[PDB]
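Down below is the structure, laid out as structure tokens.
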4 protein chains.
Amino acid sequence: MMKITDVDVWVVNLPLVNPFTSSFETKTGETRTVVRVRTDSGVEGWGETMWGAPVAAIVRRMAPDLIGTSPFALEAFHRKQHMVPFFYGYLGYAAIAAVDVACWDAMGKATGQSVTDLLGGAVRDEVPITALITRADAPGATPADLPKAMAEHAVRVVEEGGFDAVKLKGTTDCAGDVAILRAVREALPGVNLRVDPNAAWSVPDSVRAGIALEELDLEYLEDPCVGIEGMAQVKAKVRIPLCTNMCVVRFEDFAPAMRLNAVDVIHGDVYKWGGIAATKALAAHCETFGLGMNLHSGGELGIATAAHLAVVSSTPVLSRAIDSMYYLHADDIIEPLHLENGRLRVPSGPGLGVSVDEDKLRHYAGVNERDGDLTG
Amino acid sequence: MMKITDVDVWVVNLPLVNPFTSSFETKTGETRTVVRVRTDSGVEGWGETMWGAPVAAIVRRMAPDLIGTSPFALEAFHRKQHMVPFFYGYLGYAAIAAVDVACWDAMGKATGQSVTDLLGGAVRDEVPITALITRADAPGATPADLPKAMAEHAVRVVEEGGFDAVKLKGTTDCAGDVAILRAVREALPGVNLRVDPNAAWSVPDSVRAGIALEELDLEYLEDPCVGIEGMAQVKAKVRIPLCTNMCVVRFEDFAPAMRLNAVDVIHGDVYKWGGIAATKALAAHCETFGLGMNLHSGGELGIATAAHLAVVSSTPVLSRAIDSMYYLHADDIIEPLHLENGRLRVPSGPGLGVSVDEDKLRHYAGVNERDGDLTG
Amino acid sequence: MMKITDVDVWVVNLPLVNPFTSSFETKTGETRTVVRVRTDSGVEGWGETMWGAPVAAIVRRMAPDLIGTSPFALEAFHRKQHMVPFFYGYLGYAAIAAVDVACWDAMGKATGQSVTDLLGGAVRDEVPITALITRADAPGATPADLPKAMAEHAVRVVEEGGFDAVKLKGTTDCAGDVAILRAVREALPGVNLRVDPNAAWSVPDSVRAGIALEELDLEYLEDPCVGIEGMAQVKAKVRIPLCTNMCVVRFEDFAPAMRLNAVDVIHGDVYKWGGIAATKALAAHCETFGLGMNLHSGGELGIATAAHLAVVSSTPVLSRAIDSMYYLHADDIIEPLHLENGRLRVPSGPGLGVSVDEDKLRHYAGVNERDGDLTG
Amino acid sequence: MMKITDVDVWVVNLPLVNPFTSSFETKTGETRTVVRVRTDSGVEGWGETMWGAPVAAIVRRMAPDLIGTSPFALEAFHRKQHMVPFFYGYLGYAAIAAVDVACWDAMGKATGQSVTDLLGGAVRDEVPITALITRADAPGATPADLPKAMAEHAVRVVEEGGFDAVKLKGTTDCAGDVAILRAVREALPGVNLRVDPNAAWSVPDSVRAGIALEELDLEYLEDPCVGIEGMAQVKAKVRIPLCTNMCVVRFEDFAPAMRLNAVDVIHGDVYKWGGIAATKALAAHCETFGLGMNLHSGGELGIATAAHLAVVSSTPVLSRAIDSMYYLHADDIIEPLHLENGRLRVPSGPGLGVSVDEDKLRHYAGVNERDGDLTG
């Protein structure tokens with residue numbers, strides 16, 4: 001009969017090993033929000049979600065009403081907070097997800113079960129991850145030299161890391177993106193290969209590039225352009241599976257995207273969709289419509305990755321190499337997850353199966369206090 | 001670390017209070033299949049599903065491979081048995097559901113939690129049920145007298161029982177069905193009213209009847225005709241929400257039914273859909289597509305009803321008066337559920353929250369052994 | 001004025017020559033249900049259908065009401081049993097088909113006519129069959145060696161057997177399936193070539209594989225993925241005729257599959273569709289919608305094959321090499337059908353044109369009694 | 001082993017009792033083509049089809065190649081004559097149907113079975129027919145008086161004849177047609193009521209009239225306008241089941257009519273569709289698409305009506321009162337069918353179950369020879 005007694009929130013800054021360039025920005029660290037839910041039985045559940053001050057602010061506003069409730073009562077919590085994402089958008093889903101994850105952790109600890117086992121049990125014990133490559137990996141390169149430099153980098157990363165998949169972060173320079181992919185495919189004929197321009201290409205440029213890229217047999221083309229309408233126009237012309245984490249980001253988007261035939265693959269992400277049950281539900285929706293599914297990464301540290309691992313472990317349709325920034329981090333706030341030969345081991349043991357280093361938590365919260373958010 | 005040690009299966013015959021007439025048959029009892037899953041920790045999980053000998057046979061064939069597995073490992077179990085419904089159809093889903101429910105019961109008992117709490121926790125504590133009326137309730141009646149006799153019966157049942165909804169079992173006599181509904185609505189202007197011909201009407205007759213029935217503001221018209229195509233033609237013409245438990249009975253049916261705009265409301269049913277997680281998933285699918293959802297009854301006794309109650313208790317979209325044959329039964333194989341003023345109380349306590357009377361189980365299994373199945 | 005006096009049912013186990021691997025299982029024998037319908041004129045009609053104990057059980061439950069009816073009264077029989085497939089699924093259609101076939105046999109014998117002549121008469125006298133190849137035909141092979149081993153096997157089977165068509169049983173390993181087909185096509189440039197993954201591939205993998213397979217000019221791609229929705233997505237992208245025996249398996253599926261443009265070719269199968277008239281009707285539906293048609297094999301012995309031969313003989317649209325496990329059987333329960341140069345001769349003479357060896361029937365029923373079903 | 005030895009053809013003129021007015025013409029007799037197929041076993045099969053000289057001419061051209069063939073070989077015959085309807089249109093189907101029917105008669109006689117029993121056996125023994133009313137039934141009437149005169153006529157016909165359905169032959173005067181139907185419905189509140197303008201109304205007038213007619217709950221509106229496009233526009237706006245025997249008259253029309261949602265009910269007619277098997281196939285197509293089905297009448301005498309009766313008797317979906325000019329004829333060329341209380345008794349006995357009066361045949365062929373065709 002657990003009742004929540006405390007909800008505490010921190011914001012942390014953690015460092016990457018090397019810079020990371022999307023079409024959007026170039027980052028050198030993660031800012032994350034960490035939540036601990038305490039109960040009257042002494043159980044402590046931990047959650048973690050994307051971004052800093054504004055996400056923490058939402059969690060702290062939801063907290064007073066969480067006091068005295070059961071961590072098992074997630075349906076009631078989500079319904080109570082139904083309007084939060086309407087106003088706060090992605091940050092609203094993210095804030096709700098932190099609480100959601102912390103409650104699953106607490107539920108597992110209270111019952112002596114892994115979150116994986118509360119989600120249907122394991123169908124796999126290891127989760128392959130994806131090598132993320134960006135133009136920041138070829139700092140010196142001239143436009144003429146960029147494709148070769150990127151391909152040589154990709155080969156090193158795959159050979160050293162054992163990655164099953166490689167994903168290029170695309171840019172506004174779509175012709176250059178295509179040139180890079182051609183060189184990477186030539187160097188790695190057998191690797192699953194993706195490109196993600198983060199919606200930076202126009203629809204006509206996405207069609208022209210997509211046609212050019214057909215010969216490379218990409219696993220998918222991820223968000224070439226903005227919007228359900230544009231994505232559907234691309235899917236109508238281009239014979240490459242089309243993936244999104246930008247035009248379908250909530251259930252309200254799903255029926256319209258299906259009727260308009262906008263996508264072939266959807267990325268789940270607990271922090272984007274507001275919780276673990278939502279992500280299991282999304283998996284079922286993908287199976288019903290014959291869609292592929294993968295997981296998107298928003299810069300998860302160990303707590304948030306452990307939640308995603310529980311989801312992948314227990315979800316048949318998540319059979320691909322997921323996106324994960326985890327291997328690119330220089331430190332964590334839990335004892336490190338097991339990463340070997342390009343796959344993460346699913347934690348075992350009660351809850352998320354992680355142990356939080358509260359000294360590192362305190363330290364990196366201090367770093368954030370002095371340095372400010374790296375996000376936002 | 002529960003491991004299953006035994007799977008035992010019985011088939012029972014239980015009596016109704018009065019006969020029950022669908023367009024399909026007239027019944028005076030239920031035949032059900034009961035499953036107990038035993039573990040090495042001493043925990044015993046109970047499930048119950050529809051029909052007799054052929055469903056029991058499927059469960060017994062799945063049983064040997066269940067030995068040594070965890071009741072938490074439901075994703076693996078469902079995937080292992082994925083082909084069973086392709087060959088065995090509804091009976092295959094039903095057999096899988098019995099095992100599924102027994103595992104949820106065992107999971108709750110092992111963790112000291114209600115199934116309701118393992119499904120997201122309660123959002124409601126009571127579940128309204130529906131008064132089911134059939135032509136067997138007006139045994140003596142001439143065609144001219146039938147509508148009045150049915151209306152007078154409906155009034156008595158609603159006034160005595162406190163039911164929020166009334167459902168007429170329709171027949172091949174669609175003109176007579178309409179006459180009955182007109183009389184019932186006149187007598188009960190405020191009750192939620194439904195008719196279910198169990199697909200016995202042709203599409204043109206469904207359109208003609210549907211048009212006639214618009215003036216009665218039915219909660220829904222349930223399966224007037226056969227098939228996604230026919231149902232979609234009815235929905236295109238008739239301004240009454242259209243419900244099914246016959247043209248969408250598995251996830252493979254769902255995408256086509258949406259693209260063809262076949263239905264407005266879908267009935268879930270754990271035993272028809274093969275398990276509890278499938279039913280929670282169906283609820284999410286209904287929310288995504290703006291569909292109503294209710295629960296169908298296939299003649300559940302106490303164990304199977306308790307499972308449905310856990311689902312309704314924890315599922316916002318199940319906000320309607322469900323169908324339930326439970327109130328029409330003359331006995332049960334558990335200590336009776338609480339039924340008061342037309343609503344069932346959600347059980348509390350570990351697992352399904354029921355206690356099985358093994359003497360009644362043994363007795364009614366003997367009744368089945370001597371009398372044979374009443375179903376099939 | 002024949003009236004049925006007896007309906008007797010056996011279940012038999014019969015051996016294959018070599019193992020047979022689908023994406024689903026690996027088999028070494030068939031289990032079948034055999035039905036004899038006796039009349040008051042002394043005429044005996046024989047039917048045969050798929051699977052064992054559960055199909056036999058359905059037939060035996062339908063039997064008492066068959067007593068005293070005419071074998072000609074098939075419309076009435078099918079309507080009486082209309083609900084059987086709703087509950088019993090594929091097994092329900094199968095059980096009905098056994099009775100259906102036995103009645104056609106009895107009708108032919110009573111009238112001195114072949115079933116072929118009662119179905120519109122012959123338009124062809126020979127029926128080409130298909131060489132079925134599976135990975136079990138390359139037992140020793142490494143992944144690198146598998147395509148060559150499969151191609152060499154295919155060449156031997158085609159050269160020795162005179163087969164017009166070759167069908168690869170596909171697997172979850174879709175990349176390996178494609179490699180095998182490439183090698184087979186290279187070795188046999190002129191053969192009609194098919195692959196059937198039995199719905200084991202995801203939709204994105206089906207699109208990727210389908211694109212790759214276009215260069216091989218396959219006769220069709222059969223059930224790459226699950227469901228009408230997925231199949232329609234494949235047909236929208238992949239320029240290979242798409243065939244099914246899994247997403248359209250009854251008339252209720254047909255209108256939705258047409259509106260959603262899901263398939264180009266449909267497999268008929270008397271045992272899957274519940275009878276001979278249903279299969280003739282399906283042929284007409286295929287002609288109306290410009291679909292190809294072939295026949296699926298569920299492991300027919302001589303009685304069931306003879307029924308399929310009567311259908312093919314009398315049905316213009318069945319102009320392809322059918323699937324037939326018949327040539328892979330080590331024995332039969334009738335005097336063997338004529339198989340020469342990759343085609344089966346249509347039987348002549350009254351009814352199905354077969355003579356049942358009742359000693360073999362008794363023997364193989366005993367084998368089943370002691371060994372149990374190989375199916376289910 | 002029947003082989004056809006002779007095909008003989010006559011054209012006959014037979015009288016009606018009273019004139020019959022469609023939107024198209026006013027008739028006082030039928031002209032029909034009669035065919036006898038003789039075999040080497042002495043069996044004689046009889047067929048009958050619509051119209052005279054030009055239909056007889058087609059049959060006589062097909063005849064020489066029929067010599068030496070089996071009456072059972074209908075699939076081969078239809079395929080051989082596949083191009084005949086492309087050039088000769090309705091008359092081509094009609095000529096083929098005469099031969100088709102004669103072969104079914106011969107098949108039944110050769111096997112000692114009714115045609116009904118060769119078509120799946122009886123599901124009903126009686127066939128209700130429809131009272132056909134036209135403006136010729138109110139000869140004296142002023143426009144102001146016409147509706148009352150028509151209603152009084154309808155009442156007399158229904159009360160005297162026991163008809164379950166009444167069908168008004170519509171005209172170019174759509175406002176007058178509506179006025180008549182209003183008066184008829186007022187006088188006969190319980191009768192199934194239809195109107196058939198034989199495509200004489202424009203689409204806008206069909207929409208205006210259809211809207212006006214909704215209040216009368218017609219069984220169907222039959223061919224208000226020309227063409228699949230127009231019919232679909234009517235169905236989109238008007239809430240009355242829409243029936244045709246003019247925009248879907250062959251299988252090539254069926255898929256387009258379904259995709260465009262043109263009709264709710266299709267009339268079969270053996271003579272329009274070229275044979276009995278085609279009509280059974282059409283029934284199955286209607287069931288698959290949830291369409292109603294009825295039979296159209298082109299002026300059948302006893303032989304042709306007997307064929308239609310065999311079809312209705314054996315076909316579940318033909319559950320309506322059929323159209324039949326039979327009751328309006330002053331004589332026949334067989335011993336009269338049993339008509340009592342508005343329903344025709346299905347013949348029993350071998351073949352079509354009719355006995356041809358060859359003296360009447362000879363007489364009415366002479367009448368045609370001297371008087372000429374009344375059709376064409």
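Quick note on naming: the chains in the structure tokens go A, B, ... in the order shown, residues restart at 1 in each chain, and ligands are numbered from 1 in order of appearance.
Near chain C, counting only C-alpha atoms at 7 Å, the chain A residues are residues 239, 241, 264, 289, 290, 291 and 292 of chain A.
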Report task. Please identify which residues in range 128-375 of chain B DSSP calls strand (DSSP E) from the backbone, and express them as a ChimeraX atom specification. Result -> /B:128,130-133,165-169,192-196,220-222,242-244,265-268,292-295,339-340,343-345
Would you export the selected residues with N, CA and C atoms as a compact mmCIF listing (two decimals), in the first residue's frame, please?
# COMPACT_ATOMS: atom_id res chain seq x y z
N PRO B 128 -20.82 -0.53 -14.34
CA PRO B 128 -22.23 -0.74 -14.67
C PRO B 128 -22.37 -1.86 -15.69
N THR B 130 -25.29 -4.29 -18.25
CA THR B 130 -26.41 -4.05 -19.15
C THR B 130 -27.49 -5.10 -18.97
N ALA B 131 -28.75 -4.66 -18.97
CA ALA B 131 -29.87 -5.59 -18.97
C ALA B 131 -30.03 -6.18 -20.35
N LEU B 132 -29.91 -7.50 -20.44
CA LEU B 132 -30.03 -8.18 -21.72
C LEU B 132 -31.45 -8.73 -21.85
N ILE B 133 -32.18 -8.28 -22.86
CA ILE B 133 -33.54 -8.77 -23.09
C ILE B 133 -33.66 -9.49 -24.43
N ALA B 165 -28.34 0.53 -18.90
CA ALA B 165 -28.46 0.24 -20.32
C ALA B 165 -29.30 -1.01 -20.54
N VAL B 166 -29.98 -1.05 -21.69
CA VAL B 166 -30.78 -2.20 -22.09
C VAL B 166 -30.37 -2.61 -23.49
N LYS B 167 -30.16 -3.90 -23.70
CA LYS B 167 -29.77 -4.39 -25.01
C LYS B 167 -30.74 -5.47 -25.47
N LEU B 168 -31.39 -5.23 -26.60
CA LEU B 168 -32.27 -6.22 -27.23
C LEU B 168 -31.48 -7.16 -28.13
N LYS B 169 -31.65 -8.46 -27.93
CA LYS B 169 -31.10 -9.43 -28.87
C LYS B 169 -32.01 -9.48 -30.08
N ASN B 192 -30.09 4.08 -21.86
CA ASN B 192 -29.25 3.78 -23.01
C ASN B 192 -29.76 2.48 -23.63
N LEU B 193 -30.04 2.51 -24.93
CA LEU B 193 -30.71 1.40 -25.60
C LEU B 193 -29.91 0.92 -26.81
N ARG B 194 -29.80 -0.41 -26.93
CA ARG B 194 -29.01 -1.03 -28.00
C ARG B 194 -29.79 -2.17 -28.63
N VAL B 195 -29.45 -2.52 -29.87
CA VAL B 195 -29.96 -3.76 -30.45
C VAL B 195 -28.79 -4.48 -31.12
N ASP B 196 -28.79 -5.81 -31.03
CA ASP B 196 -27.72 -6.65 -31.53
C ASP B 196 -28.34 -7.84 -32.26
N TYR B 220 -26.01 2.45 -29.48
CA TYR B 220 -25.45 1.94 -30.71
C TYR B 220 -26.29 0.82 -31.30
N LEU B 221 -26.05 0.60 -32.58
CA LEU B 221 -26.56 -0.53 -33.33
C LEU B 221 -25.37 -1.49 -33.43
N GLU B 222 -25.53 -2.70 -32.90
CA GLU B 222 -24.42 -3.64 -32.78
C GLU B 222 -24.56 -4.76 -33.81
N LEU B 242 -22.22 2.69 -34.78
CA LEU B 242 -22.21 1.29 -35.15
C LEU B 242 -21.14 0.56 -34.34
N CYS B 243 -21.53 -0.52 -33.67
CA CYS B 243 -20.64 -1.28 -32.80
C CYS B 243 -20.42 -2.70 -33.34
N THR B 244 -19.25 -3.28 -33.06
CA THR B 244 -19.04 -4.68 -33.46
C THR B 244 -18.30 -5.53 -32.44
N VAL B 265 -17.66 1.94 -32.74
CA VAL B 265 -17.45 1.40 -31.39
C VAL B 265 -16.97 -0.04 -31.56
N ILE B 266 -15.95 -0.44 -30.80
CA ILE B 266 -15.51 -1.84 -30.84
C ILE B 266 -15.68 -2.46 -29.47
N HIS B 267 -16.23 -3.67 -29.43
CA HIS B 267 -16.22 -4.45 -28.20
C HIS B 267 -14.88 -5.13 -28.00
N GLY B 268 -14.30 -4.94 -26.82
CA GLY B 268 -13.20 -5.79 -26.41
C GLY B 268 -13.78 -7.01 -25.73
N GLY B 292 -15.54 4.53 -29.75
CA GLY B 292 -16.02 4.06 -28.48
C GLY B 292 -15.50 2.66 -28.23
N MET B 293 -15.50 2.23 -26.98
CA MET B 293 -15.18 0.85 -26.65
C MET B 293 -16.11 0.35 -25.57
N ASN B 294 -16.52 -0.91 -25.68
CA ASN B 294 -17.22 -1.55 -24.58
C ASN B 294 -16.67 -2.95 -24.43
N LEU B 295 -17.19 -3.72 -23.49
CA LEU B 295 -16.83 -5.14 -23.40
C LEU B 295 -18.00 -6.05 -23.76
N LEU B 339 -22.74 -7.51 -6.74
CA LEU B 339 -23.59 -6.86 -7.73
C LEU B 339 -24.69 -6.12 -6.99
N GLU B 340 -24.74 -4.81 -7.19
CA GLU B 340 -25.71 -3.98 -6.48
C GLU B 340 -26.12 -2.81 -7.35
N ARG B 343 -24.54 -2.48 -10.92
CA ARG B 343 -23.09 -2.39 -11.10
C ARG B 343 -22.30 -3.40 -10.27
N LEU B 344 -21.23 -3.89 -10.86
CA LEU B 344 -20.33 -4.85 -10.23
C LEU B 344 -19.20 -4.12 -9.57
N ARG B 345 -18.87 -4.53 -8.34
CA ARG B 345 -17.74 -3.95 -7.63
C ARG B 345 -16.45 -4.62 -8.07
Requested in this report: Going by DSSP on the backbone, which bits of range 47-291 of chain B are helix (DSSP H, G or I)? Write them as a ChimeraX atom specification, please.
Outcome: /B:53-66,74-80,84-111,115-118,135-137,146-161,174-187,203-216,227-237,251-259,270-273,276-288
Query raised in the report: Of the candidates B:287, B:219, B:25, B:8, which one gets nearest to residue 198 in chain B if we count only C-alpha atoms?
Result: B:25
**Report entry** Contacts of residue 104 in chain D within 9 Å, only C-alpha atoms, excl. fewer than 3 positions in-chain, as a count of residues only
**Finding:** 18
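The coordinates place CA of residue 210 in chain C at 20.4 Å from CA of residue 317 in chain A.
The interatomic distance for the pair CA of residue 320 in chain D and CA of residue 106 in chain D works out to 28.6 Å.
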Requested in this report: Quick one: everything within 10 Å of range 51-59 of chain C, counting only C-alpha atoms, minus sequence neighbours fewer than 2 positions away in the same chain. Send it as a PyMOL selection string.
Outcome: (chain B and resi 53-55+57-58+87-88+376) or (chain C and resi 7-13+30-35+48-49+61-64+84+88+90-99+298-299+368-369+372-376)
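We find CA of residue 218 in chain A and CA of residue 278 in chain A to be spaced 28.3 Å apart.
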Polymer residues at most 8 Å from residue 312 in chain A, only C-alpha atoms, same-chain spacing of 5 or more positions, as a compact mmCIF listing (two decimals) with C-alpha atoms, in the first residue's frame:
# COMPACT_ATOMS: atom_id res chain seq x y z
CA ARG A 124 15.63 -10.58 -25.83
CA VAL A 127 19.87 -4.51 -27.40
CA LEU A 318 11.66 -3.39 -31.35
CA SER A 319 13.97 -5.75 -33.25
Requested in this report: Rank D:334, D:75, D:16, D:86 by their smallest atom-to-atom distance to residue 280 in chain C, using only C-alpha atoms, and report the top residue only.
Outcome: D:75
